[PDB]
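Undergrad: Residue numbers (the numbering used here), protein chains in the order written: chain A, 101 to 151; chain B, 156 to 229; chain C, -17 to 441; chain D, 39 to 500; chain E, 8 to 468. Don't be surprised by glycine CBs; every beta carbon is placed ideally from N, CA and C.
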Amino acid sequence: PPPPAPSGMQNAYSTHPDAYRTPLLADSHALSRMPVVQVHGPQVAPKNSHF
Amino acid sequence: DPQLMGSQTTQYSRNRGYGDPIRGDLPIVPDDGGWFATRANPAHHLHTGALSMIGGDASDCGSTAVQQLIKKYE
Amino acid sequence: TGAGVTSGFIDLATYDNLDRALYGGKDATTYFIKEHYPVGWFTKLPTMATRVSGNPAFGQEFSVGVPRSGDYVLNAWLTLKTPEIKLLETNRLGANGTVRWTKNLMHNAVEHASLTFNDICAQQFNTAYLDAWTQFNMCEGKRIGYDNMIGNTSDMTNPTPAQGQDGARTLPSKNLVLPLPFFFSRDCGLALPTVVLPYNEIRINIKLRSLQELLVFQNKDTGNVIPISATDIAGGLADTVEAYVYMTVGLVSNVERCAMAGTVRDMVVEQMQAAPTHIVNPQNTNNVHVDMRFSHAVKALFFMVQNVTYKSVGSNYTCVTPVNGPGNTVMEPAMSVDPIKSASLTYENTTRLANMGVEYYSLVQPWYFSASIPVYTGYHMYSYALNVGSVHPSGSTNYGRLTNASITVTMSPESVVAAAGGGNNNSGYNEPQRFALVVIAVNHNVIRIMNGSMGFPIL
Amino acid sequence: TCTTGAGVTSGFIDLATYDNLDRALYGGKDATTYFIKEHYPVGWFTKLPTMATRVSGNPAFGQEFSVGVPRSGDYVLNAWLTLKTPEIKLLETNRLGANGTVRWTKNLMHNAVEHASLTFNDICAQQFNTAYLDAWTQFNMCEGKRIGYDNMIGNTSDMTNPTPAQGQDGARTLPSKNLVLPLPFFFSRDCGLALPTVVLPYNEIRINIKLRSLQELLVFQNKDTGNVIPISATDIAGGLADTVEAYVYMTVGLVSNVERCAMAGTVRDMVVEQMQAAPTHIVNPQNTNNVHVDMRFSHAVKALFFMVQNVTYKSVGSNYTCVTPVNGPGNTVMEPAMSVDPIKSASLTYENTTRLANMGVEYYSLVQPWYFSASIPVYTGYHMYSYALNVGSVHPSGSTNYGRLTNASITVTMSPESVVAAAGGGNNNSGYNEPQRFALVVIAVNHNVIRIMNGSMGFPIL
Amino acid sequence: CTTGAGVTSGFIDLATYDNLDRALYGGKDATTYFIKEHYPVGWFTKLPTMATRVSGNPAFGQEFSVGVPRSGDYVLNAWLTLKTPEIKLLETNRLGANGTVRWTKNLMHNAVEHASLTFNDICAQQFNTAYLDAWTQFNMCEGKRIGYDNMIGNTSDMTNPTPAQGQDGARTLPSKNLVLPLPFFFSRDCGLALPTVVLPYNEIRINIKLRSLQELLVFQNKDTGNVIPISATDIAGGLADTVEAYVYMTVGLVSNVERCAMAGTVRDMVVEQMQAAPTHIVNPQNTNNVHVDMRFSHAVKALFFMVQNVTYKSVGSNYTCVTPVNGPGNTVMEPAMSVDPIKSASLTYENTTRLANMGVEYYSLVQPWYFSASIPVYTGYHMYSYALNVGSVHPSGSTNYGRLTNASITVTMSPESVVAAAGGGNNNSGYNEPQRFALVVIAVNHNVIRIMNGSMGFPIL
């Protein structure tokens, strides 16, 4: 057998079906407490629009 | 296929660099015999020269256009 | 004698596989020939910015409206005439007393410099950001010019004794110029489309600082600092003073001003996010960790620990305050090191950056990812981008979707021993010293221009 | 102590954090990437310096000589002049006696070279002089080479250090070291612009250089009263050598034959930068403190450089402050404290319609160089105003054509320091002991177009 | 009319227009300022790493190797940090009260020689003191000069002589860590980075051979200006051979799509190498002309040369003709007569004068002024470039000496060096002892490196 796979996420999992453990990690924000992360802002009406 | 000498030219003969730089060495075929005959390879035995490497006989300048330019203007 | 011409023919005769790979080819771009392309037609000229509120005075705040009826605003600077200082003989310190302007007169008396569009703030910067940017992105040749513009002429900052002493010289009154770093002033390619923005009113708000903390009143021998008073010097303390704002305005051809009308545009700009400063006491603890809360894609981080013992002296990022030196020239005592020994970054309790030495941030990072290296102690940085000064985007990370992160610093034996007083005369630490850690962040943002109005799509 | 960290995997969080703003900024099918540099071939050439065959007289101080540009080169892209200064040895028989010091003037180079011209065939094509040289070297000097320039053009703290007579403590002799001046020209400004002497066989290219007189090149100073008087041959040992050796070198760059014959027989268009020097105007602050000067320029001007020059003594040069330099302690030149630029304010007017208001002198001194130049001067004077975003850029930028413009005026208001220096009566070692005289010089830089066809060069606009 | 905040003033300039302005500006396809074209760039990140030691121990006078870390897509930066020891002069020195000790000028670029980078066991390139000095004197951008001259030592504290404890100057040389970048082909530009992902098994080493501490400290006599080697008994605490030296490298990670796109291809890079000619010993008393033959293989780009003063083995980075002496104020000064030994240099191509007898000032000033990014501020460091810009990574004018016949550099000695070679100088003149000089020649050339199937090599060689 060849040496172990080189680092850089090619050695973070095993090819055998009984042990895969997808390297993705679950978030720590749960589901009940969802931060707004991103919001949208509108265009500001000009001050001198009355002219 | 090692890359240390893959696209590497052969070591040229010592006499190639002694030739005329201004005018390239004349094209002479060697002797492919087996009795006091040298099997020199022109690929690394002949010096192409400074001017012959780039050419000079272009469609416009062509190293001789001056002669007929003078003849026409005369 | 020589050969001169025809010497290069034997040189040109040399041509091999490497030469054919590098040079040669039918599409090689030869030198000695320059490709010329036409550019646009324009004309730039300076212009006063008309004041709209407040009165220019120390310790006050005034706002100036951006002049309209233009096409592009691509510059901004302020000019201010410093007052004349007449040191009196009836000062509290008596003979052993000198008065001098604080180091870096500009970047001082200018705080919370804000630029607002319509009725919402668009950008804001202050003393720490000004000092860090000037120290890190100063093109040489212009360093002396910028220093002269902001002061530091060895005349404003040189201490002057009382009238009856040997030094009868007084600080001259000459005007000083401070450029205003803004997103439109960063590059000529990013300018305010005043033609695209009609009936929009733009404000620049500047808050000055009172003259009490712009003047350093140093004891001649023991090197102590006390606040100044109006009766301590002749002529009083004139709070009001002139202050003008200029900016460059450009004009373009009709063929393009009509062509660009009614088009949506998106611009990438750089803003500033400043975390609140934290008081640090090296006497009790040596490690100080502060959280970082930022929103958009940050590009660089700057930080420093400022000596805050006397509010009169400013831009002091050293554990020892400057003292009077020989020859009526201010000098910094021998004990002069940055209080920071090491720093690290923590991501959700995961150490992305280990306990690197202070000299790393001081020298190695500026040497590789900046246009200049600071010449003064302090001003540590860490940049996520290859080139900080480049307006074009580079490596950066956004903190909006990144969970809370922290930065931790470690103090120094010099700082912990200077925190307690007891030093001799002119030792700098004759009194207990106090320090404040300050961190600034430089990030990216996107601004959208459409329908004759401006706003932030990402907020 | 404890420096371990998580390691390389820490950057995976930075890679994972990715929002709509990040998607808009980075990423994409056609998005460019770093760590890979595209390579493209370039032309084949070789460069080497060559002597210039001067065929007109011999170099000598106070005389003019012409050097012809040699042919047989595909391109020429450099030009500099080397000159070996003579040896200076002051004698005790000088007119001032003990109180007599001799030193080379500040900016030894940019002096002894005035009205340097580059002519083709018989047409006046380009010209520059001392004021333009000083302004350019003070405004467009790349840092790092400043020390080299101030070592090769003089001001090496050895030529400018006054030396007393032989009987005094300072009996040193001024060194005779050759100096180099790089002549600015349109072909020398950029490598992309070079003279095609290969396809210019029907034109004669000459460079005219007129040296100054050694009498005004040298400076003779009084130690006590700080007065300057002209030097004489008997003052210094060995007399005055009018003749001197000087050479003009230039770099010739070849090109491959295929590219040469490809570019042969075609019409070429080039953009060049020239300068125009307005005639000097005498200013007397005693009578009036406001001076208005008309401008007469032809082509699209890029920038205006001006300064008021102290002209009290013709020996001292490159002096643009109110007070002439005086001898100081340690046999070194000393700058008196009362020495500021005489200009207090300036303005520009277009036929009663002013364009620039009465701006402060510090504006032109600092703000304009800060934004629209590559450097900031370290001396007094040297004011500029540039219509272009970048003066140093060879590519054209914003400019105004003065030919299609009616006569314009520039107004300068002087300073109380200048008006008080105009009157003499100053104490010893103060410079203004005698009345001071000033002159106003204006320089403009403009663009121009040069056409190359039929083996000749000329302006397509006349 | 005309009032404040006017805009109509520029309308005259706008109306000003003619054939020249039409030729320069204007046009349907002409570009405009005040508008910036934005294009997306690649998504990546970068971070520093500590390179774990793999061979030897960090000590003065020995050689140690460091392995390049894996798990990074690209590596583009490497530097060496070293903690200098503490120096404490003792009154029991051989020179007595007339003795001073100081660090040699340019502490970094010293104590580091034969710095080599090896792919597997193939020496890709190697640099040393002469190349480091020439590069840092010729291609140093301003603004970073102070930072570099601070990080390489030279802080006016290491180079300031300190007398013994009994004298007035009893200060000790501070022990502060110094940082030296490693100039490599991948560090030259961000566009050239080592594909560690492409090379997962080709281990890469950096070999550093430190210099002995005896030849790093200058033991200078106060009066006569005589330098003698230091010993353990001279200073307190001895001479600790071991030293704290660490290597840090900056690694970078790219996106998964970019990585999978780039993986599985052959990549060609253009790099710069250094060739140092064998050293030569010059005796100006015997002859005033010195000729050295140059032997180089690839396309050379620039030639750097200088004569190094080798009179005292302790003092280094001294290319003048007279050694520095101890002046007033516990400082080091160069005596009055101290000039570069070179007078005139020329090139000969097989009995053909390619370059005439140019003056020394030519190579000193004219060549750096036109074909370099900086001009040296110290005497010496003469150069000749076949390329328009030496610091540019992109290829420019260059010549291959391998396919060229024998070439010889010829140098004429100077009378100051001739008189300095013989001794007899008075006290604090530098040339009190007889002086010997050595001539060193280095050249920078171009080369092509090919990466294919997780391997490295030089196809041209």
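Roughly how many angstroms separate the alpha carbons of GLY296/C and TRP83/C, rounded to a whole number?
TA: Numbered from 1 along the third sequence, position 314 holds the residue referred to as residue 296/C. Numbered from 1 along the third sequence, position 101 holds the residue referred to as residue 83/C. In a straight line, the C-alpha of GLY296/C is about 10 Å away from that of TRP83/C.
Undergrad: Who are the Cβ neighbours of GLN265/C in its own chain at under 8 Å, not counting the five residues just before and after it?
TA: Your numbering for residue 265/C matches position 283 in the third sequence. So the qualifying residues of the chain are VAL398, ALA401 and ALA402.
Undergrad: How about the stretch 190 to 201 of chain E and the stretch 94 to 107 of chain E: do they share at least three Cβ pairs that are nearer than 8 Å?
TA: With the cut-off at 8 Å, the stretch 190 to 201 of chain E and the stretch 94 to 107 of chain E do not touch.
Undergrad: Any Cβ of chain A within less than 8 Å of the Cβ of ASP57/D?
TA: Your numbering for residue 57/D matches position 19 in the fourth sequence. Judged by the 8 Å Cβ criterion, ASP57/D is in contact with chain A.
Undergrad: Under the assumption that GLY371/C contacts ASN119/C (Cβ atoms under 8 Å), give the Cβ distance between them as a whole number of angstroms.
TA: In the third sequence, counting from the first residue as 1, residue 371/C sits at position 389. In the third sequence, counting from the first residue as 1, residue 119/C sits at position 137. Their Cβ separation, rounded to whole angstroms, is 5 Å, which keeps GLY371/C and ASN119/C in contact under 8 Å.
Undergrad: Applying a beta-carbon distance threshold of less than 8 Å, which residues of chain C neighbour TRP408/D?
TA: Position 370 of the fourth sequence holds residue 408/D. Here the neighbours are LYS124, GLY127, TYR128, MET131 and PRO161.
Undergrad: Identify the contact partners of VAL367/E in chain D, using a Cβ-Cβ distance below 8 Å as the criterion.
TA: In the fifth sequence, counting from the first residue as 1, residue 367/E sits at position 360. By Cβ distance, chain D contributes nothing, its closest Cβ being about 10 Å from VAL367/E, past 8 Å.
Undergrad: For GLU76/D, which of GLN69/E, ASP275/E, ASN117/E and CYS148/E has the nearest alpha-carbon?
TA: To locate residue 76/D, count along the fourth sequence from 1; it is residue 38. Minimum Cα distance to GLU76/D is reached at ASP275/E.
Undergrad: First and last residue of the alpha helix (DSSP H) that includes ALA173/D?
TA: Reading the fourth sequence from its first residue, position 135 is the one you call residue 173/D. Start and end: 168 to 177.
Undergrad: Counting only Cβ pairs nearer than 8 Å, list the residues of chain A close to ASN386/C.
TA: Translated into the one-based positions of the third sequence, residue 386/C becomes position 404. Chain A residues near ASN386/C: none, gap ~11 Å exceeds 8 Å.
Undergrad: On a CA-only basis, which of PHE343/D, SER353/D and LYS352/D is nearest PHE410/D? Give me that one, please.
TA: Taking the first residue of the fourth sequence as position 1, residue 410/D is located at position 372. Closest option to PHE410/D, Cα to Cα, is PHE343/D.
Undergrad: Which residues in chain B sit within 9 Å of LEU4/C, going by Cβ to Cβ distance?
TA: Taking the first residue of the third sequence as position 1, residue 4/C is located at position 22. What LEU4/C touches in chain B: nothing, since even the nearest Cβ is about 14 Å away.
Undergrad: Which residues in chain A have a C-beta closer than 8 Å to the C-beta of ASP101/C? List them in chain order.
TA: As a first step, residue 101/C must be located in the third sequence, where it is residue number 119. Ordered by position in chain A, the residues that pass the 8 Å Cβ test against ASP101/C are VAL144 and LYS147.
Undergrad: According to DSSP, is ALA163/D part of a helix, a strand, or is it coil?
TA: By one-based count along the fourth sequence, residue 163/D stands at place 125. Of the three classes helix, strand and coil, the one that applies to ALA163/D here is strand, per DSSP.
Undergrad: Name, please, each residue of chain C whose Cβ falls closer than 8 Å to the Cβ of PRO79/D.
TA: Taking the first residue of the fourth sequence as position 1, residue 79/D is located at position 41. Neighbours of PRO79/D on chain C, chain order: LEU4, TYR5, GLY6, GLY7, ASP9, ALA10 and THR11.
Undergrad: Would you decide whether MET160/B is buried or exposed? Buried here means 16 or more other CB atoms lie within 10 Å of its CB.
TA: Here residue 160/B refers to the residue found at position 5 of the second sequence. With fewer than 16 other Cβ atoms within 10 Å, it is exposed.
Undergrad: Could you name the residues of chain E that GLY108/A contacts, counting a contact when the two beta carbons are closer than 9 Å?
TA: As a first step, residue 108/A must be located in the first sequence, where it is residue number 8. Under the 9 Å cutoff, chain E gives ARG77, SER78, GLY79, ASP80, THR203, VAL204, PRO207, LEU260 and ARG266.
Undergrad: So for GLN221/E, helix, strand or coil by DSSP?
TA: Mapped onto the fifth sequence, residue 221/E falls at position 214. Residue state, collapsed to three classes: helix.
Undergrad: Please name the residue in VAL329/E, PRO188/E, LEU260/E and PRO236/E whose C-alpha comes closest to that of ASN100/E.
TA: Residue mapping note: residue 100/E aligns to position 93 of the fifth sequence, counting from 1. The candidate whose alpha carbon is nearest that of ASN100/E is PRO236/E.
Undergrad: List the residues of chain C whose Cβ lies closer than 9 Å to the Cβ of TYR356/E, in chain order.
TA: As a working mapping, residue 356/E is identified with position 349 in the fifth sequence. Within 9 Å Cβ-Cβ: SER(-11), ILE(-8) and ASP(-7).
Undergrad: Along the alpha helix (DSSP H) that carries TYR155/E, what are the first and last residues, could you check?
TA: Reading the fifth sequence from its first residue, position 148 is the one you call residue 155/E. That run of the alpha helix (DSSP H) goes 152 to 158.
Undergrad: Which ranges would you report for the alpha helix (DSSP H) in the stretch 367 to 420 of chain C if only whole runs of at least 4 residues count?
TA: List check, alpha helix (DSSP H) in window: 395 to 400.
Undergrad: Pick helix, strand or coil for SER218/B, following the three-state DSSP scheme.
TA: Numbered from 1 along the second sequence, position 63 holds the residue referred to as residue 218/B. Coil.
Undergrad: Can you look up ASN246/D in the DSSP assignment and give me helix, strand or coil?
TA: Along the fourth sequence, one-based indexing puts residue 246/D at 208. The answer is strand: DSSP assigns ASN246/D an E or B state.
Undergrad: Taking C-beta pairs closer than 8 Å, name the residues in chain D that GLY210/B reaches, listed in chain order.
TA: Numbered from its first residue, the second sequence carries residue 210/B at position 55. Under the 8 Å cutoff, chain D gives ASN295 and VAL296.
Undergrad: Out of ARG393/D, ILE499/D and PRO234/D, which one is the CA nearest neighbour of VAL107/D?
TA: Counting from 1 along the fourth sequence, the entry for residue 107/D is found at position 69. Checking every option, the nearest Cα to that of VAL107/D belongs to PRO234/D.
Undergrad: Can you grab the Cα-Cα spacing for the pair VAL332/E / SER436/E, in whole Å?
TA: Numbered from 1 along the fifth sequence, position 325 holds the residue referred to as residue 332/E. Numbered from 1 along the fifth sequence, position 429 holds the residue referred to as residue 436/E. Going by the C-alpha atoms only, they are around 7 Å apart.
Undergrad: Give the range of the alpha helix (DSSP H) segment to which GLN280/E is assigned.
TA: As a position in the fifth sequence, residue 280/E is number 273, starting the count at 1. Not the alpha helix (DSSP H): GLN280/E falls in the beta strand (DSSP E), residues 274 to 283.
Undergrad: Using a threshold of 8 Å, state whether the C-beta atoms of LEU54/E and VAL261/E are closer than that.
TA: Counting from 1 along the fifth sequence, the entry for residue 54/E is found at position 47. Counting from 1 along the fifth sequence, the entry for residue 261/E is found at position 254. Their beta carbons are not under 8 Å apart, which means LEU54/E does not touch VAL261/E by this criterion.
Undergrad: Can you list, in chain order, the stretches of the beta strand (DSSP E) that have 3 or more residues and sit fully within the stretch 252 to 301 of chain C?
TA: With a minimum length of 3 residues, the continuous beta strand (DSSP E) runs that stay inside the stretch 252 to 301 of chain C are 260 to 262, 269 to 274 and 279 to 289.
Undergrad: Quick check: what's the CA-CA separation for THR359/C versus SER447/D?
TA: Here residue 359/C refers to the residue found at position 377 of the third sequence. Here residue 447/D refers to the residue found at position 409 of the fourth sequence. Between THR359/C and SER447/D, the C-alpha separation is close to 50 Å.
Undergrad: Taking only three categories from DSSP, how would you classify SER435/C?
TA: In the third sequence, residue 435/C corresponds to position 453, counting from 1. DSSP places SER435/C in strand when its eight states are reduced to three.
Undergrad: Under 8 Å, do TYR5/C and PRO434/D count as touching if we go by C-beta distance?
TA: Here the question's residue 5/C lines up with position 23 in the third sequence. Here the question's residue 434/D lines up with position 396 in the fourth sequence. No, Cβ-Cβ distance for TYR5/C and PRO434/D is not below 8 Å.
Undergrad: Would you say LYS16/C lies against chain D (beta-carbon separation less than 8 Å)?
TA: For the purposes of this step, residue 16/C is identified with residue 34 of the third sequence, where counting begins at 1. Yes, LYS16/C counts as interfacial toward chain D.
Undergrad: Could you name the residues of the stretch 182 to 215 of chain B whose beta carbon sits closer than 9 Å to any beta carbon of chain D, in the order they occur along the chain?
TA: The residues in question are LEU206, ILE209, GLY210, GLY211, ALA213, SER214 and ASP215.
Undergrad: Secondary structure at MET229/C, three-state DSSP: helix, strand or coil?
TA: Against the third sequence, residue 229/C aligns to sequence position 247. In the structure shown, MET229/C sits in a strand (DSSP, three-state: E or B).
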